[PDB]
Amino acid sequence: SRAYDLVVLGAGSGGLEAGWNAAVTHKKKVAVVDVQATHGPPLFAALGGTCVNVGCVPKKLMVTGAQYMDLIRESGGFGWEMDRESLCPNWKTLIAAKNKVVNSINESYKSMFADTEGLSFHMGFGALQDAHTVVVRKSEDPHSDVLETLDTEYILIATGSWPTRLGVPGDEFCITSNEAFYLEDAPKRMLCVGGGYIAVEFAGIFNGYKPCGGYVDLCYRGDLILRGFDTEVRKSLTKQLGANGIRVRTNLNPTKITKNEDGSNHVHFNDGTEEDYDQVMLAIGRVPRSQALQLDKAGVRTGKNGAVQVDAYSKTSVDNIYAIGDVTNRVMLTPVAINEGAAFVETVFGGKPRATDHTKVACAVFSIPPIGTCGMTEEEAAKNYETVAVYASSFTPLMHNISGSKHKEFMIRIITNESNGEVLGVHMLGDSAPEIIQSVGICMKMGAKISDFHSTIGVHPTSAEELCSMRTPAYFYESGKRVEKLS
Amino acid sequence: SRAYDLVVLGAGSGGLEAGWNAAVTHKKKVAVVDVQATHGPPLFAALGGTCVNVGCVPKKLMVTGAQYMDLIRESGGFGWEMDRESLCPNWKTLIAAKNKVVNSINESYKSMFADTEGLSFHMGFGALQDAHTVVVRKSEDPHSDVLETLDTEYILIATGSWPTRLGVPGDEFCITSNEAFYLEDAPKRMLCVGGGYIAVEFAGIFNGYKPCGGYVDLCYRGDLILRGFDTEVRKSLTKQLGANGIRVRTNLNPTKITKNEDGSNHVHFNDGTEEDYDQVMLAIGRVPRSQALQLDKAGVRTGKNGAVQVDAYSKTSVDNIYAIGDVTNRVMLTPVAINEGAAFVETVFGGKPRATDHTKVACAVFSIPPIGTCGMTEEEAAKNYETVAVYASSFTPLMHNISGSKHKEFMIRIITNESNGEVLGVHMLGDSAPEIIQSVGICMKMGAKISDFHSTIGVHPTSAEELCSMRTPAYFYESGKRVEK
Ligand SMILES: Cc1cc2nc3c(=O)[nH]c(=O)nc-3n(C[C@H](O)[C@H](O)[C@H](O)COP(=O)(O)OP(=O)(O)OC[C@H]3O[C@@H](n4cnc5c(N)ncnc54)[C@H](O)[C@@H]3O)c2cc1C
Ligand SMILES: Cc1cc2nc3c(=O)[nH]c(=O)nc-3n(C[C@H](O)[C@H](O)[C@H](O)COP(=O)(O)OP(=O)(O)OC[C@H]3O[C@@H](n4cnc5c(N)ncnc54)[C@H](O)[C@@H]3O)c2cc1C
Ligand SMILES: NC(=O)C1=CN([C@@H]2O[C@H](COP(=O)(O)OP(=O)(O)OC[C@H]3O[C@@H](n4cnc5c(N)ncnc54)[C@H](OP(=O)(O)O)[C@@H]3O)[C@@H](O)[C@H]2O)C=CC1
Ligand SMILES: NC(=O)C1=CN([C@@H]2O[C@H](COP(=O)(O)OP(=O)(O)OC[C@H]3O[C@@H](n4cnc5c(N)ncnc54)[C@H](OP(=O)(O)O)[C@@H]3O)[C@@H](O)[C@H]2O)C=CC1
Ligand SMILES: [Ag+]
Ligand SMILES: [Ag+]
Ligand SMILES: [Ag+]
Ligand SMILES: [Ag+]
């Protein structure tokens with residue numbers, strides 16, 4: 001009937017998941033469209049999506065590298081002795097090693113397309129022509145040469161999101177998360193704008209890889225970084241980023257940026273101050289990447305900042321056109337898009353339909369002291385629950401009395417419904433938190449109670465065993481108000 | 001009525017749990033008996049039990065120290081340059097800092113007793129006289145001076161366990177886990193006898209803290225270390241301990257040990273070979289410490305290796321006498337004894353009786369690549385289950401392509417009942433495994449199914465998220481047989 005069963009615009013986390021699934025476990029003719037084959041600074045994303053090329057994968061590698069600064073310093077207390085006087089890392093050999101790993105994943109995706117029959121990779125910029133036609137061009141410009149014209153039954157949009165910039169003079173002098181991955185040298189005088197995921201995470205990277213006398217300044221528009229997270233975790237993280245070197249700067253926002261006679265950028269703030277930074281990164285946000293896809297031509301509903309209007313099954317305004325991942329602007333994570341993609345395949349090609357559960361999704365923040373959250377905060381649970389108990393526990397891991405890093409305090413805060421005992425949210429700060437929160441997310445998806453926690457015999461010399469030691473709540477929330485006692 | 005409500009013999013993990021609980025949350029007159037107040041060689045354990053003084057606490061500190069050997073080496077690939085040749089750690093400043101931490105906990109317990117009313121610490125060797133009288137002597141000898149005579153309603157035994165040696169000539173030339181904590185110098189030529197918990201853990205410590213050209217030989221009586229653990233996890237550890245430096249030797253056992261004219265020990269093996277070790281540690285096992293408690297005088301039953309025979313509520317032969325922890329020889333762990341102790345309090349002084357759940361208890365092995373297990377192995381689940389599915393997954397963390405340690409392979413193995421899909425066992429090998437297994441243990445006590453795992457949306461750049469990626473089983477066991485499908 002048609003040339004392909006599916007054309008996937010975007011070979012991302014979600015995109016490739018659906019592509020492979022339709023082609024292998026259903027034997028369908030699948031075409032996957034993407035910008036380029038291997039990662040690279042002209043057009044950053046590639047085969048594997050942001051996640052693989054300019055996202056989670058390289059980020060984690062760099063965060064792991066920066067984490068050594070602490071560990072090399074901490075080793076002293078345990079009897080490990082070396083030349084610690086102004087010891088600095090090699091940024092060039094990090095990026096070198098990072099690229100070799102990213103490209104290796106790029107390369108194994110190439111041979112995947114050469115070895116899987118039904119799957120075909122189509123390089124270029126995809127755009128919609130009608131309900132059944134996707135046109136591949138060599139540019140985002142609608143007037144540039146047409147490389148391919150794909151005729152398909154279904155169309156899936158998985159083009160993800162794209163960095164947001166702030167509309168100020170000197171905006172193009174700044175870098176984003178994209179450019180950060182390919183910097184020639186590690187900046188000495190660094191400014192991270194914003195208080196989001198990337199802002200906090202990258203602040204840690206640069207602070208680990210700063211040269212001599214270098215400093216990283218994080219500035220945030222509001223008065224507490226990481227809005228939406230547990231207020232007590234946020235405050236404790238702010239304190240710990242400081243103790244680690246990163247100078248946090250609340251209620252501050254840049255307005256003017258100009259370049260100097262040495263390359264460095266001159267930044268003008270809100271309070272009127274002027275400081276000189278070698279690099280300035282903007283972690284403002286990520287808007288869904290759909291501006292060039294010509295959704296109007298096919299009649300696909302575009303809403304909140306270019307987000308693609310979808311229902312619970314990812315179906316758009318047109319019955320055969322679907323969208324998954326960051327482009328839908330639901331929950332912008334890698335494992336979410338993968339689930340949304342697998343659920344899409346099961347729905348249309350599998351027969352048995354299934355919707356993606358967006359609630360109670362465990363995620364992490366790979367800041368130097370990492371965060372692990374799943375579920376509701378105090379503010380949210382007290383907002384729409386009758387009565388809620390709040391459990392709290394802060395402890396310094398015993399090893400840190402030797403290592404010297406006494407600021408490193410592990411924190412667990414469980415938020416439960418008082419009526420039932422149901423765990424509505426668990427919030428963690430400290431090493432191993434992203435690992436621990438994963439299996440917590442399993443429990444919350446099972447709908448677990450606080451009684452299920454402190455009844456499990458612990459595993460002693462661990463941080464996670466502290467989940468099972470919280471019996472008495474710190475305080476309560478009664479019909480909205482913060483109360484220290486409950487009659 | 002009489003002097004004390006409770007006399008606890010042993011200020012251990014469980015002993016101190018039962019003491020504090022009865023005294024604070026029930027306002028009972030509680031006496032706690034122990035050998036000494038601060039850690040120290042002559043009699044190793046102190047206030048806090050084995051676990052605090054010569055157990056989990058110091059062990060973990062030393063395992064964390066050793067892990068820096070890998071971490072310093074691994075940093076190179078990420079751009080961290082320094083002097084790496086001949087770089088060996090300072091053992092003396094490790095023990096120094098270890099002692100400082102252990103002593104502060106000792107001190108913390110000392111001020112606890114002085115501030116908690118009802119609780120009183122009584123230094124000396126406790127021994128039974130009758131169903132209500134506990135005698136405190138200055139020595140383990142039953143004829144040394146009597147320091148105190150405590151008269152109590154209830155008696156709780158929490159004296160824990162003690163290292164086992166092997167009956168061979170040269171047995172007293174060896175060290176145990178106890179002496180290992182207070183070695184004056186890090187051994188160059190090390191031998192670890194046995195293939196149990198302590199063996200694998202300490203092998204990693206000494207291998208981390210070995211001087212120049214040093215080596216650690218681990219010898220085990222059988223042909224695969226750590227019996228009772230997942231056979232595939234065991235084999236993968238054996239390779240990784242090897243790759244990390246430790247030379248594993250199976251089907252081998254020492255028989256004769258003699259000292260030389262420089263201090264070093266000469267060891268005669270099972271195959272007939274002889275080799276020289278600066279130090280030789282015996283991780284043979286731990287027998288319940290009840291040899292000098294005179295349970296006969298009070299009429300308390302001692303069965304297999306002197307273990308105090310108890311029911312599900314810790315009650316012994318006599319209705320007032322109880323026992324918890326390693327001395328019962330049920331499950332020799334710190335959090336087990338704490339639970340046994342807390343349940344003991346609830347049983348008698350709390351009103352509401354409660355028994356300790358010994359099945360499906362998550363534990364860990366702090367090897368250089370750590371282990372995290374909970375529930376049944378393949379062998380055990382195939383013995384007493386109709387049909388069982390075996391899920392397996394091995395993967396190299398992405399960072400290890402840069403760090404150079406490509407041998408460090410993370411492994412997860414889930415063992416489920418094929419009938420309903422119930423998770424009967426989870427076995428892990430790699431970093432964070434002891435952290436991950438804890439919340440796995442929450443699920444298994446919760447009675448979780450494999451469908452609960454792979455239906456949870458993961459947390460991408462983690463090792464624990466792979467737990468939710470196992471959908472199709474590697475193979476099956478059908479009525480006992482290893483079945484392809
Ligand atoms: C720096 C950074 C770090 C992150 N770290 C994490 C993390 O640690 N954990 C986590 O869960 N999430 C993380 N995220 C988010 C995660 O990377 C995304 O949510 C994920 O990539 C979404 O998958 P997707 O398939 O929807 O989009 P993507 O994976 O980004 O796929 C989009 C692909 O579509 C292609 N494309 C774009 N336009 C077109 C077009 N015109 N025609 C054809 N193809 C096109 C692009 O080239 C791109 O390859 C991070 C994000 C960033 C930016
Ligand atoms: C090296 C090592 C590492 C370990 N690591 C871990 C681990 O990481 N995780 C884990 O879960 N378990 C671990 N264990 C096991 C754990 O330490 C014990 O199971 C736990 O301490 C048991 O608690 P208990 O109260 O029954 O005995 P203990 O905590 O050992 O208490 C016994 C106390 O009784 C005292 N005592 C002895 N005889 C008398 C007497 N005659 N009169 C009065 N008092 C007496 C002793 O001085 C001692 O202080 C480890 C054990 C060892 C040896
Ligand atoms: N799971 C993980 O480990 C990671 C996930 N991600 C995903 O990718 C996305 C990356 O977006 P990111 O921007 O880094 O994080 P966010 O979009 O969550 O947060 C952006 C921050 O920038 C601030 N901000 C927004 N607009 C402005 C402005 N105009 N001027 C100054 N400050 C502003 C916001 O302030 P305010 O709070 O006041 O609105 C907020 O603190 C995340 O949303 C997340 O979904 C990214 C990295 C890691
Ligand atoms: N949870 C944790 O992290 C830790 C817990 N522990 C606790 O300490 C307890 C005791 O540890 P451990 O001392 O290592 O005892 P184990 O029972 O754990 O292991 C003893 C090892 O020595 C071997 N062995 C036994 N008898 C002899 C013998 N006569 N000659 C030669 N080899 C022999 C055994 O092999 P085989 O019997 O298979 O032939 C076994 O491999 C453990 O049960 C555990 O509860 C200790 C350290 C860490
Ligand atoms: Ag990713
Ligand atoms: Ag559960
Ligand atoms: Ag302990
Ligand atoms: Ag669970």
# chains A, B, ... in the order shown; residues from 1 in each chain; ligands from 1

$ interface_residues --of "chain A" --to "chain B" --cutoff "6 Å" --atoms "only C-alpha atoms" --output "ChimeraX atom specification"
/A:61,65,78-80,89-90,93-94,335,363,399,435-436,439,442,456,458-460,462,464

$ select_by_dssp --residues "segment 250-479 of chain A" --states "strand (DSSP E or B)" --output "number ranges by chain"
A: 256-259, 265-268, 274-277, 279-282, 286-288, 302, 308, 315, 321-323, 363-365, 371-375, 387-395, 410-417, 422-429, 449, 475-478

$ residues_around --residues "residue 26 of chain B" --least-positions-apart "5" --cutoff "10 Å" --atoms "only C-alpha atoms" --output "PDB file with N, CA and C atoms, in the first residue's frame"
ATOM      1  N   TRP B  20      18.233   0.260  76.106  1.00  0.00           N
ATOM      2  CA  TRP B  20      17.690   1.602  75.892  1.00  0.00           C
ATOM      3  C   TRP B  20      16.162   1.621  75.829  1.00  0.00           C
ATOM      4  N   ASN B  21      15.582   0.685  75.079  1.00  0.00           N
ATOM      5  CA  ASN B  21      14.129   0.624  74.886  1.00  0.00           C
ATOM      6  C   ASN B  21      13.347   0.377  76.172  1.00  0.00           C
ATOM      7  N   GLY B 118      17.672   4.869  84.714  1.00  0.00           N
ATOM      8  CA  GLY B 118      17.199   3.505  84.521  1.00  0.00           C
ATOM      9  C   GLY B 118      18.313   2.642  83.955  1.00  0.00           C
ATOM     10  N   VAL B 345      11.739  -6.374  73.700  1.00  0.00           N
ATOM     11  CA  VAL B 345      11.182  -5.318  74.545  1.00  0.00           C
ATOM     12  C   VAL B 345       9.658  -5.281  74.428  1.00  0.00           C
ATOM     13  N   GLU B 346       9.165  -5.239  73.190  1.00  0.00           N
ATOM     14  CA  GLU B 346       7.728  -5.241  72.912  1.00  0.00           C
ATOM     15  C   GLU B 346       7.032  -6.471  73.498  1.00  0.00           C
ATOM     16  N   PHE B 349       8.020  -6.111  78.082  1.00  0.00           N
ATOM     17  CA  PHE B 349       7.729  -4.822  78.724  1.00  0.00           C
ATOM     18  C   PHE B 349       6.744  -3.944  77.952  1.00  0.00           C
ATOM     19  N   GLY B 350       6.520  -4.270  76.681  1.00  0.00           N
ATOM     20  CA  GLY B 350       5.602  -3.509  75.830  1.00  0.00           C
ATOM     21  C   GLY B 350       4.170  -4.014  75.848  1.00  0.00           C
TER      22      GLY B 350
END

$ residues_near_ligand --ligand "ligand 5" --cutoff "12 Å" --atoms "only C-alpha atoms and all ligand atoms" --output "PyMOL selection string"
(chain A and resi 12-14+48-61+102+105+332-338) or (chain B and resi 398+458-462)

$ select_by_dssp --residues "segment 25-126 of chain B" --states "alpha helix (DSSP H)" --output "ChimeraX atom specification"
/B:49-53,56-75,92-115

$ decode --residues "segment 380-430 of chain A" --atoms "N, CA and C atoms" --output "CSV table (one decimal), in the first residue's frame"
chain,number,residue,atom,x,y,z
A,380,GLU,N,2.7,20.6,48.2
A,380,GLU,CA,1.7,20.0,47.3
A,380,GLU,C,0.8,19.0,48.0
A,381,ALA,N,1.3,18.2,48.9
A,381,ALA,CA,0.6,17.2,49.6
A,381,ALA,C,-0.4,17.8,50.7
A,382,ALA,N,0.1,18.9,51.3
A,382,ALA,CA,-0.8,19.6,52.2
A,382,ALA,C,-1.8,20.4,51.5
A,383,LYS,N,-1.6,20.7,50.2
A,383,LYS,CA,-2.6,21.4,49.4
A,383,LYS,C,-3.8,20.6,49.1
A,384,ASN,N,-3.7,19.4,48.7
A,384,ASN,CA,-4.8,18.5,48.3
A,384,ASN,C,-4.9,17.2,49.1
A,385,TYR,N,-4.6,17.2,50.4
A,385,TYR,CA,-4.8,16.0,51.2
A,385,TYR,C,-5.3,16.5,52.6
A,386,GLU,N,-6.2,15.6,53.2
A,386,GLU,CA,-6.9,16.0,54.4
A,386,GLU,C,-5.9,16.3,55.5
A,387,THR,N,-5.1,15.3,55.9
A,387,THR,CA,-4.0,15.4,56.9
A,387,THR,C,-2.8,14.6,56.5
A,388,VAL,N,-1.6,15.3,56.6
A,388,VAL,CA,-0.3,14.7,56.2
A,388,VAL,C,0.8,14.7,57.2
A,389,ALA,N,1.4,13.6,57.4
A,389,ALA,CA,2.6,13.5,58.3
A,389,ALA,C,3.9,13.7,57.5
A,390,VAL,N,4.9,14.3,58.2
A,390,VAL,CA,6.2,14.6,57.6
A,390,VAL,C,7.3,14.0,58.4
A,391,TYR,N,8.0,13.0,57.8
A,391,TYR,CA,9.1,12.3,58.4
A,391,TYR,C,10.4,13.0,58.0
A,392,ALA,N,11.4,13.1,58.9
A,392,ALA,CA,12.7,13.7,58.5
A,392,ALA,C,13.8,13.1,59.2
A,393,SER,N,15.0,13.0,58.6
A,393,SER,CA,16.2,12.4,59.1
A,393,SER,C,17.4,12.9,58.4
A,394,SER,N,18.3,13.6,59.1
A,394,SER,CA,19.6,14.1,58.6
A,394,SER,C,20.8,13.4,59.3
A,395,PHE,N,21.7,12.8,58.6
A,395,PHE,CA,22.9,12.2,59.3
A,395,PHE,C,24.1,12.3,58.4
A,396,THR,N,25.3,12.5,59.1
A,396,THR,CA,26.6,12.5,58.4
A,396,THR,C,27.1,11.1,58.4
A,397,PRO,N,27.4,10.5,57.2
A,397,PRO,CA,27.9,9.2,57.0
A,397,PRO,C,29.2,9.1,57.8
A,398,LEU,N,29.4,8.0,58.5
A,398,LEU,CA,30.5,7.8,59.5
A,398,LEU,C,31.9,8.1,58.9
A,399,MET,N,32.1,7.7,57.7
A,399,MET,CA,33.4,7.9,57.0
A,399,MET,C,33.8,9.4,56.9
A,400,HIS,N,32.9,10.3,56.9
A,400,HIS,CA,33.2,11.7,56.7
A,400,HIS,C,33.8,12.4,57.9
A,401,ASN,N,33.9,11.7,59.0
A,401,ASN,CA,34.7,12.2,60.1
A,401,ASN,C,36.2,12.0,59.9
A,402,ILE,N,36.5,11.1,59.0
A,402,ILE,CA,37.8,10.8,58.6
A,402,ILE,C,38.2,11.6,57.3
A,403,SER,N,37.3,11.6,56.3
A,403,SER,CA,37.6,12.2,55.0
A,403,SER,C,37.7,13.8,55.1
A,404,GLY,N,37.0,14.4,56.1
A,404,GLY,CA,37.1,15.8,56.3
A,404,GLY,C,35.9,16.5,55.8
A,405,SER,N,35.2,15.9,54.8
A,405,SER,CA,34.0,16.5,54.2
A,405,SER,C,32.8,16.4,55.1
A,406,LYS,N,32.8,17.1,56.2
A,406,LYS,CA,31.8,17.0,57.2
A,406,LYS,C,30.5,17.8,56.8
A,407,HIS,N,30.6,18.5,55.8
A,407,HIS,CA,29.4,19.2,55.2
A,407,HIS,C,28.5,18.3,54.5
A,408,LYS,N,29.1,17.2,54.0
A,408,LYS,CA,28.3,16.1,53.2
A,408,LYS,C,27.4,15.4,54.2
A,409,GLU,N,26.1,15.9,54.2
A,409,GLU,CA,25.1,15.3,55.1
A,409,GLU,C,24.0,14.6,54.3
A,410,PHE,N,23.8,13.4,54.5
A,410,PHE,CA,22.7,12.6,53.9
A,410,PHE,C,21.4,13.0,54.5
A,411,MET,N,20.4,13.2,53.7
A,411,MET,CA,19.1,13.6,54.2
A,411,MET,C,17.9,12.8,53.5
A,412,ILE,N,17.0,12.3,54.3
A,412,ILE,CA,15.8,11.6,53.8
A,412,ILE,C,14.6,12.3,54.4
A,413,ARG,N,13.6,12.6,53.6
A,413,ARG,CA,12.4,13.2,54.0
A,413,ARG,C,11.2,12.5,53.4
A,414,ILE,N,10.5,11.7,54.2
A,414,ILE,CA,9.3,11.0,53.7
A,414,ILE,C,8.0,11.8,54.0
A,415,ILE,N,7.1,11.9,53.0
A,415,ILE,CA,5.9,12.6,53.2
A,415,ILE,C,4.7,11.7,53.0
A,416,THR,N,4.0,11.4,54.1
A,416,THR,CA,2.9,10.5,54.0
A,416,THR,C,1.5,11.1,54.3
A,417,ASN,N,0.5,10.4,53.8
A,417,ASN,CA,-0.9,10.7,54.2
A,417,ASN,C,-1.2,10.2,55.6
A,418,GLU,N,-1.6,11.0,56.5
A,418,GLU,CA,-1.8,10.6,57.9
A,418,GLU,C,-3.0,9.6,58.0
A,419,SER,N,-4.0,9.9,57.3
A,419,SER,CA,-5.2,9.0,57.3
A,419,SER,C,-4.9,7.5,57.0
A,420,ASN,N,-4.2,7.3,55.9
A,420,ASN,CA,-3.8,6.0,55.4
A,420,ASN,C,-2.4,5.5,55.8
A,421,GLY,N,-1.5,6.4,55.8
A,421,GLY,CA,-0.1,6.0,56.1
A,421,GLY,C,0.7,5.9,54.7
A,422,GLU,N,0.0,6.2,53.7
A,422,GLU,CA,0.5,6.0,52.3
A,422,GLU,C,1.6,7.0,52.0
A,423,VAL,N,2.7,6.5,51.5
A,423,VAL,CA,3.9,7.3,51.1
A,423,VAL,C,3.5,8.1,49.9
A,424,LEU,N,3.5,9.4,50.0
A,424,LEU,CA,3.1,10.3,48.9
A,424,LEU,C,4.3,10.9,48.2
A,425,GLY,N,5.5,10.9,48.9
A,425,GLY,CA,6.7,11.4,48.4
A,425,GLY,C,7.9,11.1,49.3
A,426,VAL,N,9.0,10.8,48.6
A,426,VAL,CA,10.3,10.6,49.3
A,426,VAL,C,11.4,11.4,48.6
A,427,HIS,N,12.1,12.2,49.5
A,427,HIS,CA,13.1,13.2,49.0
A,427,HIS,C,14.4,13.0,49.6
A,428,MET,N,15.5,12.8,48.8
A,428,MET,CA,16.8,12.5,49.3
A,428,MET,C,17.9,13.4,48.8
A,429,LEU,N,18.9,13.6,49.6
A,429,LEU,CA,20.1,14.4,49.2
A,429,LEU,C,21.3,13.8,49.8
A,430,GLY,N,22.3,13.4,48.9
A,430,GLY,CA,23.5,12.8,49.3
A,430,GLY,C,23.9,11.7,48.3
